[PDB]
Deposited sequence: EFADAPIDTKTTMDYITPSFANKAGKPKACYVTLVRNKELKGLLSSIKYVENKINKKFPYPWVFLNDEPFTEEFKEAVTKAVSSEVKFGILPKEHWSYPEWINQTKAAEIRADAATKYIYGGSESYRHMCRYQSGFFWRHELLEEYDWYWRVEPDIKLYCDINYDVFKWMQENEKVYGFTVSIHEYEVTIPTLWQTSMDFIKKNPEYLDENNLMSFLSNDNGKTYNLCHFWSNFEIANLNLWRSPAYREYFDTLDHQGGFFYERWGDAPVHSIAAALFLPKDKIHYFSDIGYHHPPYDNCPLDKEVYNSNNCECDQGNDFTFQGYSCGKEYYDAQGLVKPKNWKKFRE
């Protein structure tokens, strides 16, 4: 029973939800995101919205969010076990790494940020509020949906048998994940059955797996099948990363973690790029380059700032790996 075997069953309305991990003090930026989701798709195809916080939500936060969302909303606090140091982690060591990296890279000195990355990597998908669902669409605060979305995306994913959907890709700052690749490759050598014969390795590596090109999918935007994270393959991959310690001794983000897994554990035709969904998560945009799609969906983004084909993005690498025909003027973005 392979990884896909755990996913194909979920292939009449799909069981799905939007999911948001957020802080009380980010209310204004969250309300702005909700307004975008509501006007661009949620009024048309309603799905419940799950809100998660490592601390309890204030009544002010809940009242404002409940009022702003038109479909059903659910608020949850996450378990102490999913947001706290594991017994095998040396906290004094973790504290020194933080202090030393405070000014070295973004969130380098942040204690809470690392707990968040670990949370998004191995726990959000098994929070009690997501168990009844098969699909989720992650939404962060201060986001923009630049265009109308006129079809149910979960329905679409379900009918087309897609597992992982994304919009923005990029090269990770390596100082942030020094030993992530080595750790992941050792896992695969130990568990060859988990490496799909038709995987997307070429997106992650230019040398047949020897080294990592640092490419990954942005995690702030994800529309995916929860059964992937719930598979033995992913569960065992996360546990290996957890025990190695990178989430705390380095600054492993959930994005490169979700990406390496999706790209290695699945037949590559299970991964999908929503070239049609206009989106912004500071500081980058995914703006539809197809004029018909851009105009029919009343996109509000400047096509000229689409990040997809810019050098530091991994859109080119993704297109070549999938054998997708890149848009006519894709090279302009490398100027």
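Undergrad: Take the full deposited sequence, match it to the modelled residues, and report the stretches without C-alphas.
TA: Coordinates drop out over 1-9, 21-24.
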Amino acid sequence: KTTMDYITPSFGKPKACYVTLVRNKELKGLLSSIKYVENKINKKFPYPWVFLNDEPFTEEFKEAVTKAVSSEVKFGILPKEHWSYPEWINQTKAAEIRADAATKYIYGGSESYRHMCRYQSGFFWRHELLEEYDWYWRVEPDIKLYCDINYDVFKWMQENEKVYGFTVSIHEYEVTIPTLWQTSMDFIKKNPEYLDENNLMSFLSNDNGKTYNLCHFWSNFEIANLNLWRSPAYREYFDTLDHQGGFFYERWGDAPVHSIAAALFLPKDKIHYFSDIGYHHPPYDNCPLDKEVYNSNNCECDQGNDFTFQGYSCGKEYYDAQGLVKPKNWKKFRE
From here on, numbers count along this sequence of modelled residues.
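Undergrad: Mean CA temperature factor from the deposited coordinates, higher in 219-227 or in 73-81?
TA: Taking the mean B-factor of the alpha carbons in each, 73-81 is higher.
Undergrad: Looking at the entry, does 245-253 or 200-208 show the higher mean C-alpha B-factor?
TA: Per the PDB record, 200-208.
Undergrad: Based on the PDB record, which member of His272, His281, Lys44, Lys28 exhibits the highest Cα temperature factor?
TA: Across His272, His281, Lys44, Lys28, the entry lists the biggest C-alpha B-factor for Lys44.
Undergrad: Name the residue from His258, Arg118, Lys189, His171 with the greatest C-alpha temperature factor listed in the entry.
TA: By C-alpha B-factor in the record, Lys189 ranks first.
Undergrad: Split the chain's modelled residues into thirds by Cα B-factor; is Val293 in the lowest, middle or highest one?
TA: Tercile = highest for this residue's CA B-factor.
Undergrad: Can you work out whether the C-alpha temperature factor of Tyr312 puts it in the lowest, middle or highest third of the chain?
TA: Tercile = lowest for this residue's CA B-factor.
Undergrad: Taking only the Cα B-factors deposited for this chain, tell me whether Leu52 sits in the lowest, middle or highest third.
TA: Within its chain, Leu52 is a lowest-third residue by C-alpha B-factor, going by the deposited values.
Undergrad: What third of its chain, lowest, middle or highest, does the C-alpha temperature factor of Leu324 fall into?
TA: Tercile = highest for this residue's CA B-factor.
Undergrad: Please place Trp181 in the lowest, middle or highest third of its chain according to the CA B-factor in the PDB entry.
TA: Ranked within chain, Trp181 CA B lands in the lowest tercile.
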